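Chemist: Structure below; questions to follow.
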Amino acid sequence: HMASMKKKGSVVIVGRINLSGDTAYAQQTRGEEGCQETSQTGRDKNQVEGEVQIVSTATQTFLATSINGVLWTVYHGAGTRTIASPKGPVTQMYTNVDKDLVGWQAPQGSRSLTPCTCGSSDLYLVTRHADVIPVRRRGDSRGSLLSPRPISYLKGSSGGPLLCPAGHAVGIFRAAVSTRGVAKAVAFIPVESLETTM
Ligand SMILES: COc1ccc2nc(O[C@@H]3C[C@H]4C(=O)N[C@]5(C(=O)NS(=O)(=O)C6(C)CC6)C[C@H]5/C=C\CCCCC[C@H](NC(=O)OC5(C(F)(F)F)CCC5)C(=O)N4C3)c(C(F)(F)F)nc2c1
Ligand SMILES: [Zn+2]
C-alpha cells in the first residue's frame with residue numbers, strides 16, 4: 001500500500017581501477033556497511049579519483065567509466081537509479097535501454113578518457129580485477145579475447161572500458177559471449193554511440 005512504498009537506493013562508488021602508474025590495480029574506497037548507508041541517503045562525501053570506478057547497488061556490483069565528462073555504465077546494472085554524490089543523489093543525464101547504456105555527470109575529481117579516433121582494432125579490456133585483457137576488434141560492437149577464459153573472470157566488469165593502444169576509450173563492456181562457460185568474445189557499446197548520445 002502507498003504509505004509503505006520503498007525507494008530504490010543510489011548507485012554507489014565503492015572503489016576504482018587505478019591506471020595512473022605502470023601497474024593496474026583495484027582499490028576499494030568503501031566497505032559494505034558504508035555502501036549500504038550511502039545507497040539509502042545518496043550522500044557520498046568520498047573523494048573520487050580516476051577514470052574507471054567500481055560501483056555497487058544493494059544487489060549488484062559492476063563498473064563505470066568516465067568519457068568526455070560523463071560517467072557511463074550499463075542499464076542492466078544501474079537501471080534508472082541515481083548515483084550518490086557529495087550533494088546527494090544525482091539523476092541520470094542519459095538513459096538508453098536499447099543501447100544498455102546510462103550516464104551521469106562525471107563526479108568532481110574523476111578523470112575522463114578521450115574518445116578514440118584511431119580506427120585501430122587492437123584493443124584492451126579493463127576488468128574490475130584490474131586485469132588488462134587484449135581484445136581484437138571484430139565488428140562495431142564485438143571483440144575476441146586473445147586468451148579465452150571462464151565467464152567467472154569477467155562477471156562484474158560490465159561498464160568497464162575497452163581502450164586503444166594509445167589509451168583512448170573505444171567502447172563500454174556490455175556482455176560476454178560464452179560457449180560452455182568460456183568467454184571467447186565480448187560485446188561492447190561503441191564510443192561513437194556514446195558520442196551520438198551526447
Ligand atoms: C531492460 O533493460 C535490460 C535488462 C537486462 C539486460 N541483460 C543483458 O545481458 C545480461 C547481463 C549481461 C552481463 O552479464 N554483462 C557482463 C557483466 O559483468 N554483468 S555484471 O556486471 O556482472 C551485472 C549483471 C551486475 C551488472 C560483463 C558480462 C560478464 C560475464 C557474463 C556472465 C554470464 C552472462 C552472459 C550474458 N551474455 C550475453 O547476453 O551474450 C549475448 C549478447 F548479449 F552479447 F548478445 C550473445 C547472445 C546474448 C551477459 O553478458 N549478460 C546477460 C543485456 C545485454 F548485455 F545483453 F545487452 N541488456 C539488458 C537490458
Ligand atoms: Zn585511439
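All residue names refer to the C-alpha cells as shown: chains lettered A, B, ... in order, residues numbered from 1 in each chain, ligands numbered from 1 in order.
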Please run DSSP on the backbone and report, as a ChimeraX atom specification, all residues within segment 77-181 of chain A that come out as strand (DSSP E).

Modeler: /A:94-96,101-105,122-126,132-137,142-150,161-163,169-179

Chemist: To test your reading of the structure, identify every residue in chain A that backbone DSSP assigns to alpha helix (DSSP H), and report it as a PyMOL selection string.

Modeler: chain A and resi 32-41+75-78+191-197

Chemist: Can I get the selection written as an mmCIF file, in the first residue's frame, with N, CA, C and O atoms?

Modeler:
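Done, and the output landed in selection.cif:
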data_model
loop_
_atom_site.group_PDB
_atom_site.id
_atom_site.type_symbol
_atom_site.label_atom_id
_atom_site.label_comp_id
_atom_site.auth_asym_id
_atom_site.auth_seq_id
_atom_site.Cartn_x
_atom_site.Cartn_y
_atom_site.Cartn_z
ATOM 1 N N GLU A 32 31.159 -2.539 2.853
ATOM 2 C CA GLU A 32 29.765 -2.906 2.612
ATOM 3 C C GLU A 32 28.806 -2.078 3.460
ATOM 4 O O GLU A 32 27.778 -1.605 2.963
ATOM 5 N N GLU A 33 29.105 -1.908 4.750
ATOM 6 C CA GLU A 33 28.208 -1.131 5.604
ATOM 7 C C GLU A 33 28.066 0.298 5.089
ATOM 8 O O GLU A 33 26.950 0.822 4.960
ATOM 9 N N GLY A 34 29.195 0.955 4.819
ATOM 10 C CA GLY A 34 29.149 2.299 4.278
ATOM 11 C C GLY A 34 28.458 2.360 2.933
ATOM 12 O O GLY A 34 27.768 3.336 2.626
ATOM 13 N N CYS A 35 28.612 1.316 2.119
ATOM 14 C CA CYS A 35 27.943 1.302 0.825
ATOM 15 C C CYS A 35 26.433 1.295 1.010
ATOM 16 O O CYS A 35 25.709 2.087 0.389
ATOM 17 N N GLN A 36 25.944 0.441 1.910
ATOM 18 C CA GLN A 36 24.502 0.355 2.126
ATOM 19 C C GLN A 36 23.945 1.679 2.635
ATOM 20 O O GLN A 36 22.901 2.141 2.161
ATOM 21 N N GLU A 37 24.625 2.312 3.593
ATOM 22 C CA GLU A 37 24.140 3.592 4.101
ATOM 23 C C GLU A 37 24.174 4.661 3.014
ATOM 24 O O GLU A 37 23.232 5.453 2.879
ATOM 25 N N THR A 38 25.255 4.699 2.232
ATOM 26 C CA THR A 38 25.379 5.689 1.167
ATOM 27 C C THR A 38 24.355 5.453 0.067
ATOM 28 O O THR A 38 23.887 6.412 -0.558
ATOM 29 N N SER A 39 23.971 4.196 -0.173
ATOM 30 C CA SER A 39 22.945 3.940 -1.179
ATOM 31 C C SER A 39 21.599 4.498 -0.739
ATOM 32 O O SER A 39 20.842 5.023 -1.560
ATOM 33 N N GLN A 40 21.289 4.400 0.557
ATOM 34 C CA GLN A 40 19.997 4.874 1.042
ATOM 35 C C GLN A 40 19.932 6.395 1.034
ATOM 36 O O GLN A 40 18.930 6.979 0.608
ATOM 37 N N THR A 41 20.999 7.060 1.472
ATOM 38 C CA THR A 41 20.961 8.516 1.560
ATOM 39 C C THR A 41 21.277 9.183 0.230
ATOM 40 O O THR A 41 20.863 10.325 -0.008
ATOM 41 N N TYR A 75 22.769 -0.183 -18.340
ATOM 42 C CA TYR A 75 21.423 -0.147 -17.787
ATOM 43 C C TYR A 75 21.103 -1.436 -17.033
ATOM 44 O O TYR A 75 20.412 -1.397 -16.012
ATOM 45 N N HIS A 76 21.618 -2.583 -17.491
ATOM 46 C CA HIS A 76 21.324 -3.830 -16.787
ATOM 47 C C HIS A 76 21.955 -3.885 -15.400
ATOM 48 O O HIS A 76 21.544 -4.722 -14.586
ATOM 49 N N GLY A 77 22.874 -2.972 -15.089
ATOM 50 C CA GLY A 77 23.392 -2.829 -13.748
ATOM 51 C C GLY A 77 22.710 -1.707 -12.987
ATOM 52 O O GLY A 77 22.257 -1.913 -11.861
ATOM 53 N N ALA A 78 22.597 -0.524 -13.596
ATOM 54 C CA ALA A 78 22.122 0.643 -12.867
ATOM 55 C C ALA A 78 20.617 0.870 -12.949
ATOM 56 O O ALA A 78 20.072 1.588 -12.098
ATOM 57 N N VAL A 191 32.160 3.666 -28.618
ATOM 58 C CA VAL A 191 32.222 5.034 -28.114
ATOM 59 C C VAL A 191 31.481 5.986 -29.045
ATOM 60 O O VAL A 191 30.961 7.011 -28.597
ATOM 61 N N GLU A 192 31.407 5.674 -30.343
ATOM 62 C CA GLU A 192 30.638 6.534 -31.240
ATOM 63 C C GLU A 192 29.174 6.612 -30.824
ATOM 64 O O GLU A 192 28.518 7.651 -30.997
ATOM 65 N N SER A 193 28.631 5.505 -30.309
ATOM 66 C CA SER A 193 27.261 5.510 -29.810
ATOM 67 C C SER A 193 27.124 6.443 -28.619
ATOM 68 O O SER A 193 26.117 7.146 -28.482
ATOM 69 N N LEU A 194 28.130 6.466 -27.744
ATOM 70 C CA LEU A 194 28.121 7.419 -26.644
ATOM 71 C C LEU A 194 28.216 8.843 -27.170
ATOM 72 O O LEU A 194 27.538 9.747 -26.668
ATOM 73 N N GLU A 195 29.055 9.061 -28.186
ATOM 74 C CA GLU A 195 29.247 10.408 -28.712
ATOM 75 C C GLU A 195 27.982 10.932 -29.379
ATOM 76 O O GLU A 195 27.699 12.132 -29.307
ATOM 77 N N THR A 196 27.214 10.059 -30.037
ATOM 78 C CA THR A 196 25.929 10.482 -30.588
ATOM 79 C C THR A 196 24.956 10.841 -29.473
ATOM 80 O O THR A 196 24.244 11.849 -29.554
ATOM 81 N N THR A 197 24.916 10.021 -28.423
ATOM 82 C CA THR A 197 24.054 10.316 -27.285
ATOM 83 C C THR A 197 24.362 11.687 -26.702
ATOM 84 O O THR A 197 23.443 12.421 -26.317
#

Chemist: Return the single residue from A:117, A:92, A:178, A:144 that is closest to ligand 2, with distances computed using only C-alpha atoms and all ligand atoms.

Modeler: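 Ranking A:117, A:92, A:178, A:144 by distance to ligand 2, first place goes to A:117.
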
Chemist: Write as a PyMOL selection string the residues around ligand 1, taking 7 Å as the cut-off and counting only C-alpha atoms and all ligand atoms.

Modeler: chain A and resi 60-63+75-77+97+100+151-152+154-158+173-178+186-187

Chemist: Can I get the selection written as a JSON list (two decimals), in the first residue's frame, with C-alpha atoms?

Modeler:
[["chain", "number", "residue", "atom", "x", "y", "z"],
["A", 60, "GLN", "CA", 24.81, -5.83, -7.96],
["A", 61, "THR", "CA", 28.41, -4.69, -8.42],
["A", 62, "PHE", "CA", 29.90, -3.58, -11.75],
["A", 63, "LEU", "CA", 31.99, -0.78, -13.28],
["A", 75, "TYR", "CA", 21.42, -0.15, -17.79],
["A", 76, "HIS", "CA", 21.32, -3.83, -16.79],
["A", 77, "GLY", "CA", 23.39, -2.83, -13.75],
["A", 97, "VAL", "CA", 17.68, 0.85, -22.58],
["A", 100, "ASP", "CA", 22.02, -0.90, -22.46],
["A", 151, "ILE", "CA", 32.97, -16.04, -17.65],
["A", 152, "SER", "CA", 33.60, -16.02, -13.90],
["A", 154, "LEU", "CA", 34.50, -11.19, -16.48],
["A", 155, "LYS", "CA", 31.47, -11.15, -14.17],
["A", 156, "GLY", "CA", 31.08, -7.74, -12.59],
["A", 157, "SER", "CA", 33.06, -5.88, -15.28],
["A", 158, "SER", "CA", 30.18, -4.55, -17.38],
["A", 173, "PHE", "CA", 31.92, -3.58, -21.95],
["A", 174, "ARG", "CA", 28.33, -4.90, -22.07],
["A", 175, "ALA", "CA", 28.15, -8.70, -22.31],
["A", 176, "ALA", "CA", 30.29, -11.81, -22.61],
["A", 177, "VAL", "CA", 29.80, -14.28, -25.46],
["A", 178, "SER", "CA", 30.20, -17.66, -23.78],
["A", 186, "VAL", "CA", 32.78, -9.72, -25.73],
["A", 187, "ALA", "CA", 30.03, -7.31, -26.75]]

Chemist: For a quick check of understanding, using only C-alpha atoms, which of A:59, A:166, A:81, A:52 has the smallest distance to residue 20 of chain A?

Modeler: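 Checking each candidate against residue 20 of chain A, we get A:52 as the closest.
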
Chemist: Please report, as a tab-separated table, each residue of chain A lying at most 12 Å from ligand 2, together with the nearest pair of atoms and the separation in Å rounded to one decimal; use only C-alpha atoms and all ligand atoms, and order rows by chain and ascending residue number.

Modeler:
residue	atom	partner	partner_atom_place_in_ligand_line	distance
A:113	CA	ligand 2	1 (Zn)	10.3
A:114	CA	ligand 2	1 (Zn)	8.3
A:115	CA	ligand 2	1 (Zn)	7.2
A:116	CA	ligand 2	1 (Zn)	3.8
A:117	CA	ligand 2	1 (Zn)	5.3
A:118	CA	ligand 2	1 (Zn)	4.2
A:119	CA	ligand 2	1 (Zn)	6.9
A:120	CA	ligand 2	1 (Zn)	6.8
A:121	CA	ligand 2	1 (Zn)	9.6
A:122	CA	ligand 2	1 (Zn)	9.7
A:123	CA	ligand 2	1 (Zn)	9.1
A:124	CA	ligand 2	1 (Zn)	11.1
A:162	CA	ligand 2	1 (Zn)	10.4
A:163	CA	ligand 2	1 (Zn)	7.3
A:164	CA	ligand 2	1 (Zn)	4.7
A:165	CA	ligand 2	1 (Zn)	6.4
A:166	CA	ligand 2	1 (Zn)	5.2
A:167	CA	ligand 2	1 (Zn)	6.3
A:168	CA	ligand 2	1 (Zn)	4.5
A:169	CA	ligand 2	1 (Zn)	7.0
A:170	CA	ligand 2	1 (Zn)	7.1
A:171	CA	ligand 2	1 (Zn)	10.9
A:191	CA	ligand 2	1 (Zn)	10.8

Chemist: Could those residues be written to a file, using N, CA and C atoms, as a compact mmCIF listing (two decimals), in the first residue's frame?

Modeler:
# COMPACT_ATOMS: atom_id res chain seq x y z
N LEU A 113 38.42 9.68 -19.90
CA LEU A 113 39.05 9.19 -21.11
C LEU A 113 38.55 9.98 -22.32
N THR A 114 39.38 10.04 -23.34
CA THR A 114 39.05 10.71 -24.58
C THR A 114 38.54 9.71 -25.60
N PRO A 115 37.47 10.00 -26.34
CA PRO A 115 37.01 9.03 -27.35
C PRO A 115 38.07 8.78 -28.41
N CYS A 116 38.27 7.51 -28.73
CA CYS A 116 39.27 7.13 -29.71
C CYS A 116 38.87 7.57 -31.12
N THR A 117 39.84 8.13 -31.84
CA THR A 117 39.68 8.40 -33.27
C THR A 117 40.70 7.62 -34.10
N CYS A 118 41.37 6.64 -33.49
CA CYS A 118 42.49 5.97 -34.16
C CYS A 118 42.03 5.02 -35.25
N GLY A 119 40.82 4.48 -35.12
CA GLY A 119 40.38 3.47 -36.05
C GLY A 119 41.18 2.19 -35.98
N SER A 120 41.75 1.89 -34.81
CA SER A 120 42.55 0.70 -34.55
C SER A 120 41.66 -0.44 -34.08
N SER A 121 42.08 -1.67 -34.38
CA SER A 121 41.37 -2.86 -33.96
C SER A 121 42.09 -3.65 -32.87
N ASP A 122 43.21 -3.14 -32.36
CA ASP A 122 43.95 -3.80 -31.28
C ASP A 122 43.56 -3.11 -29.98
N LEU A 123 42.70 -3.77 -29.20
CA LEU A 123 42.09 -3.16 -28.03
C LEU A 123 42.50 -3.86 -26.75
N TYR A 124 42.11 -3.25 -25.63
CA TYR A 124 42.44 -3.74 -24.30
C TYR A 124 41.25 -3.54 -23.38
N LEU A 162 36.88 -0.63 -22.99
CA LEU A 162 37.84 -1.12 -23.97
C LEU A 162 38.63 0.08 -24.47
N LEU A 163 39.96 -0.04 -24.47
CA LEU A 163 40.87 1.05 -24.80
C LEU A 163 41.67 0.69 -26.05
N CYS A 164 42.10 1.71 -26.79
CA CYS A 164 43.01 1.52 -27.92
C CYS A 164 44.44 1.47 -27.38
N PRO A 165 45.43 1.22 -28.24
CA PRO A 165 46.82 1.22 -27.75
C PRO A 165 47.25 2.53 -27.12
N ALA A 166 46.70 3.65 -27.58
CA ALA A 166 47.05 4.96 -27.05
C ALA A 166 46.25 5.33 -25.81
N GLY A 167 45.41 4.44 -25.31
CA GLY A 167 44.68 4.71 -24.08
C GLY A 167 43.40 5.49 -24.25
N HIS A 168 42.91 5.65 -25.48
CA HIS A 168 41.61 6.26 -25.71
C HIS A 168 40.49 5.27 -25.44
N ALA A 169 39.30 5.80 -25.14
CA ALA A 169 38.13 4.95 -24.94
C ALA A 169 37.53 4.54 -26.29
N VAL A 170 37.38 3.23 -26.50
CA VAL A 170 36.82 2.69 -27.74
C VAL A 170 35.41 2.18 -27.49
N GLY A 171 35.13 1.75 -26.27
CA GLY A 171 33.78 1.28 -26.00
C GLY A 171 33.60 0.92 -24.55
N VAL A 191 32.16 3.67 -28.62
CA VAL A 191 32.22 5.03 -28.11
C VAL A 191 31.48 5.99 -29.05

Chemist: Atom CA of residue 74 of chain A and atom CA of residue 101 of chain A, how far apart in Å?

Modeler: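 So the two atoms, atom CA of residue 101 of chain A and atom CA of residue 74 of chain A, lie 4.6 Å apart.
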
Chemist: If you measure from atom CA of residue 53 of chain A to atom CA of residue 65 of chain A, what distance in Å do you get, rounded to one decimal?

Modeler: 6.3 Å
